[PDB]
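Written below as structure tokens is the structure these notes are about.
Just follow the structure's listing: the first ligand is 1, and inside any ligand the first atom is 1. Every chain is numbered from 1 and lettered A, B, ... according to where its sequence line falls, protein lines coming before strand lines.
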Amino acid sequence: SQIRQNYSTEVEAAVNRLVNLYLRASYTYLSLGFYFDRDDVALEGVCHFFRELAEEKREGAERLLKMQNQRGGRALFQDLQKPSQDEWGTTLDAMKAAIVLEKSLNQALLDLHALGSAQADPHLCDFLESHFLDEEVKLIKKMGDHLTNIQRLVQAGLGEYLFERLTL
Amino acid sequence: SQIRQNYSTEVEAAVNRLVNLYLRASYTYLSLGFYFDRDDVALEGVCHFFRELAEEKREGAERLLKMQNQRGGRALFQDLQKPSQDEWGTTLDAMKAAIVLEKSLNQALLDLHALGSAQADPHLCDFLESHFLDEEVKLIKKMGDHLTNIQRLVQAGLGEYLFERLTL
Amino acid sequence: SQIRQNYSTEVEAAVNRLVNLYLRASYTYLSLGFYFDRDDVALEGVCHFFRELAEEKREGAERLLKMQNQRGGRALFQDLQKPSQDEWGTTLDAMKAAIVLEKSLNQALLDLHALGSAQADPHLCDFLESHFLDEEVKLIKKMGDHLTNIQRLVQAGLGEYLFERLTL
Amino acid sequence: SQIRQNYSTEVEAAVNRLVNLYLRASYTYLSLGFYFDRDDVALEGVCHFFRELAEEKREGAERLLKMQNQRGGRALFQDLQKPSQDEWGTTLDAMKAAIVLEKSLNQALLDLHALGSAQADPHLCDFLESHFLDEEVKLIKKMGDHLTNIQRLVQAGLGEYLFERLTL
Amino acid sequence: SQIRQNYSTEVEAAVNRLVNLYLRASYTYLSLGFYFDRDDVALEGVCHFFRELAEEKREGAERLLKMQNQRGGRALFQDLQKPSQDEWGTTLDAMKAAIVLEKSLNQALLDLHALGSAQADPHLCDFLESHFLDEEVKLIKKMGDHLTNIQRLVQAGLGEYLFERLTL
Ligand SMILES: FC(F)O[C@@H](Cl)C(F)(F)F
Ligand SMILES: FC(F)O[C@@H](Cl)C(F)(F)F
């Protein structure tokens with residue numbers, strides 16, 4: 001590429017992976033959201049929480065794709081694997097699954113930053129710090145807070161309703 | 001009738017039945033609503049939910065009557081039977097009764113649409129699709145959602161209060 | 001499902017397929033859009049055209065998922081295959097690919113409608129007619145119009161720039 | 001200096017160089033802009049593009065000078081060499097020259113960041129990341145996009161007019 | 001001091017103590033607030049209640065310091081001891097600790113007023129009555145009210161969530 005400068009093939013490849021990870025995460029949150037919209041689950045606030053996260057992850061992928069092009073790298077898309085479950089259990093089960101997923105994304109970001117540091121790619125490092133690293137930390141904190149409140153509330157049926165009504 | 005075109009006597013008759021069904025449903029919801037206004041039941045949100053549905057069903061009947069005249073059919077009214085119960089039990093009992101009633105109306109709509117299809121009456125089919133079929137599906141979904149939440153909440157007294165307060 | 005009425009397993013399954021088709025189409029348009037954002041392609045209007053279509057297809061999938069739940073069917077997600085190309089050639093090549101894709105979606109909608117008709121499922125038929133069938137026809141017409149204008153313009157470089165500048 | 005803390009003489013010196021580089025770049029863009037204002041060149045949009053870049057580079061130098069003082073370093077100004085050409089040829093020639101110049105500035109920024117990293121000077125690293133690194137990447141991307149469009153348009157006279165009219 | 005009139009060394013010294021008491025109380029409420037911000041405690045309303053009290057106590061200290069100077073006394077600051085606990089247990093445990101702390105401050109105010117009365121220092125007495133005595137009484141009443149409601153609510157997990165959601 002005529003514009004490419006200080007952008008390693010290793011980072012370019014890792015950015016394409018991370019795009020796949022973010023799209024997979026978006027797809028997982030789509031499945032989570034619609035599960036809580038089932039007539040036999042029916043927790044609207046939980047559905048909305050996860051549908052909003054699907055949008056956020058999709059937007060993350062799009063930001064990574066924009067940055068890939070800005071640096072002169074080439075987007076390469078792969079098959080998106082379906083989410084790990086078809087049914088997600090209770091709000092607690094779902095929130096546990098979500099925090100596992102976010103920590104997996106956070107670790108991928110951290111690995112990419114480490115790669116960027118090893119390749120002396122300060123633009124990549126700043127890009128990650130500006131748009132992803134703090135967003136992941138804040139989100140993981142919020143999920144941790146939710147998990148604690150859900151757990152405190154488990155008369156499990158009543159607790160799950162009250163959390164959806166009064167927190168989400 | 002000078003305006004009547006492609007409107008079978010079978011459909012005309014079935015439209016008069018459906019009007020009776022919708023009026024009966026309106027009357028049932030009137031009884032449900034006022035039961036929840038009793039001083040010894042006293043669930044205002046439940047009362048309002050059912051009184052609003054009484055209005056909606058009445059409006060459905062009126063739309064069917066307007067369409068009957070637009071097509072050149074003749075309204076024929078019959079006795080309206082009283083609702084199936086005088087007392088409706090808990091919110092859960094009442095919501096179960098309501099979903100049974102809505103499914104009965106939905107089936108009558110579907111039968112009428114099938115009749116219209118067999119009689120090649122596209123105006124009837126569109127009329128049903130525009131004003132009734134989707135409205136029934138959405139309402140039945142909402143009642144299903146409510147039933148699930150009520151069931152999750154059954155410390156039955158506390159649950160019933162919380163549902164009325166925080167959902168209805 | 002407590003709400004399920006007149007909703008065949010065949011339609012439920014076909015709705016899940018169609019969701020996969022719409023998500024695949026969204027992913028294809030994401031790849032198309034970002035290809036035209038490459039520094040060595042650099043056609044902003046083409047990029048925006050396809051990114052908007054990615055959003056529209058995603059929204060279609062979401063509407064199908066909402067309807068699935070409203071009817072008491074169960075969402076089942078599958079792997080999403082990657083788009084058919086990594087690089088999309090010229091605006092003309094891309095628009096040809098897009099119209100092929102839209103016709104494939106349109107045919108899937110038509111097949112689903114035929115299935116609904118055979119299963120006497122008027123709610124499905126109306127749902128498709130209200131939110132998808134006319135939208136597909138209008139979009140395919142617009143792409144046809146674009147294809148004709150692109151073709152007329154092929155001094156191919158100059159033509160492609162002018163189309164992006166003055167139409168897109 | 002009474003305020004100086006963790007600010008190496010190597011960085012201070014490199015900041016003075018970079019100021020000279022940014023001022024030289026501002027001067028180059030001044031020459032580019034006024035060349036396109038010649039009555040025998042007469043491409044107003046190209047002139048404006050380069051005059052705006054002259055302002056941006058001057059502002060970059062001023063930000064570096066402000067930071068130098070904030071850290072307790074001492075500005076040292078050197079002769080500013082005249083631009084590499086007196087006449088800049090076509091829009092394409094000029095845009096090629098501009099991207100070469102921007103890549104040279106970007107490399108100087110990257111070298112300075114590497115120096116800051118080796119000297120453990122996190123304030124310098126953040127300063128560069130906040131105000132320069134992303135700005136260079138975005139600008140180089142935009143020039144790459146322009147180069148591609150100019151090249152596609154080369155009936156060279158007609159192409160150059162159309163680019164100036166419809167992009168710049 | 002040129003302005004000092006009717007201001008005993010005993011009162012001046014006791015005012016410096018009280019400043020230390022108010023600052024210690026501010027520090028205690030800072031620790032309480034951030035404990036309830038822990039991901040494994042996660043009671044936002046409780047955190048906010050205590051952070052607001054930290055601000056109020058700090059402001060009390062500042063008012064005492066302003067009055068000290070107005071009277072011609074001399075501020076003398078001492079080490080601020082860390083709060084009595086690192087972890088504060090439940091909302092109930094924390095509210096009990098808070099009311100103990102407020103009663104300790106109230107007693108210090110009362111002692112200071114008694115000192116002022118014995119020293120015939122009416123300005124001090126009015127100062128205390130205007131800005132502190134009623135504020136302490138109102139706050140202690142509110143905490144008592146909260147303690148009663150928390151106690152009534154102890155299904156301890158559910159109670160603690162509901163108090164935070166619906167009172168704080
Ligand atoms: F197909 C993609 F563009 O969107 C993905 Cl994330 C999907 F999950 F919504 F399917
Ligand atoms: F003389 C400088 F202040 O401005 C430089 Cl940058 C010039 F290029 F405009 F001359």
Side-chain angles (χ1 to χ4, degrees), chain A residues 18-35 50-65 75 77-84 86 101 105, chain C residues 16-35 50-66 75-84 101 105, chain D residues 18-35 50-65 75 77-84 101 105:
Chain A
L18 196 58
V19 162
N20 187 267
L21 265 62
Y22 269 75
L23 291 171
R24 279 172 61 191
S26 185
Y27 197 19
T28 293
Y29 284 129
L30 181 70
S31 176
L32 276 161
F34 280 95
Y35 168 82
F50 289 127
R51 287 189 68 190
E52 292 293 328
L53 287 171
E55 165 179 311
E56 301 208 14
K57 296 304 168 194
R58 172 174 50 72
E59 289 169 357
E62 291 177 5
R63 282 194 219 98
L64 287 160
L65 291 162
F77 293 104
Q78 301 303 156
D79 300 332
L80 296 174
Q81 72 184 270
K82 70 179 193 186
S84 64
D86 296 319
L101 176 57
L105 289 177
Chain C
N16 285 327
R17 201 188 133 261
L18 196 58
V19 162
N20 187 267
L21 265 62
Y22 269 75
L23 291 171
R24 279 172 61 191
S26 185
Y27 197 19
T28 293
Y29 284 129
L30 181 70
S31 176
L32 276 161
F34 280 95
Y35 168 82
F50 289 127
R51 287 189 68 190
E52 292 293 328
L53 287 171
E55 165 179 311
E56 301 208 14
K57 296 304 168 194
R58 172 174 50 72
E59 289 169 357
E62 291 177 5
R63 282 194 219 98
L64 287 160
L65 291 162
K66 173 172 168 153
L76 279 177
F77 293 104
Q78 301 303 156
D79 300 332
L80 296 174
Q81 72 184 270
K82 70 179 193 186
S84 64
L101 176 57
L105 289 177
Chain D
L18 196 58
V19 162
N20 187 267
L21 265 62
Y22 269 75
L23 291 171
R24 279 172 61 191
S26 185
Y27 197 19
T28 293
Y29 284 129
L30 181 70
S31 176
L32 276 161
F34 280 95
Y35 168 82
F50 289 127
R51 287 189 68 190
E52 292 293 328
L53 287 171
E55 165 179 311
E56 301 208 14
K57 296 304 168 194
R58 172 174 50 72
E59 289 169 357
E62 291 177 5
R63 282 194 219 98
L64 287 160
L65 291 162
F77 293 104
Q78 301 303 156
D79 300 332
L80 296 174
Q81 72 184 270
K82 70 179 193 186
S84 64
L101 176 57
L105 289 177

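Shown here are the ring pair (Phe, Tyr, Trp, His ring centres under 6.0 Å) partners of C:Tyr27, two or more places apart in sequence or in another chain: A:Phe77. Considering only residues two or more places apart in sequence or on other chains, A:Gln81 meets the side chain to side chain donor-acceptor pair (under 3.5 Å) condition with A:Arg24. Applying the side chain to side chain donor-acceptor pair (under 3.5 Å) rule to D:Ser26 yields no partners; only residues at least two apart in sequence or on another chain are considered.
C:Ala75 and C:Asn16 make their closest contact through CA-OD1, 3.4 Å (heavy atoms, listed as atom of the first residue, atom of the second, distance).
Looking at heavy atoms from C-beta onward, C:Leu30 lies in side-chain contact with A:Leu23 at the 4.5 angstrom threshold.
A salt bridge between C:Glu62 and C:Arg58 is present, with a side-chain N of the basic residue lying under 4.0 Å from a carboxylate O of the acidic one.
Protein residues having a heavy atom under 4.0 Å from any atom of ligand 2 are D:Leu23, D:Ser26, D:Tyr27, listed by chain and number.
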